[PDB]
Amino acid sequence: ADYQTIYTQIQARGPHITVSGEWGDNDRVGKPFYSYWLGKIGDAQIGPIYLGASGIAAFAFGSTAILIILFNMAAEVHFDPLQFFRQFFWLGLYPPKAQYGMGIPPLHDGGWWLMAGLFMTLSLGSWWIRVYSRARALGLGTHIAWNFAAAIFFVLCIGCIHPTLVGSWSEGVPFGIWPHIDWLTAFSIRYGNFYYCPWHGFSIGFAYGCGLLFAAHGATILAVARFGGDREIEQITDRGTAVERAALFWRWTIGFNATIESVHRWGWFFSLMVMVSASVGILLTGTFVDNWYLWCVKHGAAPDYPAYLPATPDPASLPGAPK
């Protein structure tokens, strides 16, 4: 077999290389150090890292958000250190439990949550600029930033756009391990089972699709590592036997194939669609669809099954039944 595809048999060490950016070259901090074990499966060098204004802005806003969250979580366990570590997962910062419509909620019932959300948002925007800027500084296209923007947009949709569209901050996503998880079921239940939301289905199709694609693409490149298939850039500008074989493996298998450059377009697309599809789904929920299952039933798409145990009438609709 090709042991190189599993790990690097013989590691190489050489001078620290640096590609100058259009700016901020003097903003790189840290001395590069090497990890022998890391070099078995990746590049051995760690750091240096680029600071910059947007980057620093990000940590500042992000740190503020986290502190607001941790303090409220600490309040939940009456500031007991041991109970805090114990109950961590169960702790959270929740949005308004009461219905205040779009009115700014009091600090004890949604206030802090909203504030943390604001700072998280600023943190994301700042980090977006960094992702976008570094590409420009290095003379690179901005494909990553645009993919990142789709993910940020999705977060904003479940974070505050959907809440705004229905007029209630109560719909927001809580901060916390189990709490943000519980929100998923609360939301799905309220909106009639997310399994029947076409956009939920699209998102999953693309999410599963990403798993399929990276597995196939990743495996494809390792399978042709002996021909330098990993050097994708020059394989794009000058097709080598590595990608000719890759393409043929696929053409012979499924009947068609991509190019070494286009397969990355497919990957980029599938990735983006997970977020775009999810966003569209959220934007339509509550706004124009109240119960996805019923919506599907309305359009005759929902499956139906025979009764196993006897069919059960709603006791509430029976005559004389209590409230």
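A residue's number is simply how far along the shown sequence it sits, counting from 1.
Judged by mean Cα B factor in the deposited record, 75 to 83 ranks above the other of 181 to 189 and 75 to 83. Mean C-alpha B-factor is higher over 9 to 17 than over the other stretch, the pair under comparison being 295 to 303 and 9 to 17. Within the listed group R239, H162, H108, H143, the record reports its top CA B-factor for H108. Among the modelled residues of its chain, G103 has a C-alpha B-factor that falls in the highest third, as given in the PDB entry. Compared with the other modelled residues of the chain, the Cα B-factor recorded for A137 ranks in the middle third. Ranked by Cα temperature factor within the chain, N257 sits in the lowest third according to the deposited record. Among the modelled residues of its chain, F119 has a C-alpha B-factor that falls in the highest third, as given in the PDB entry. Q45: CA B factor in the highest third of modelled residues in this chain (values from the PDB entry).
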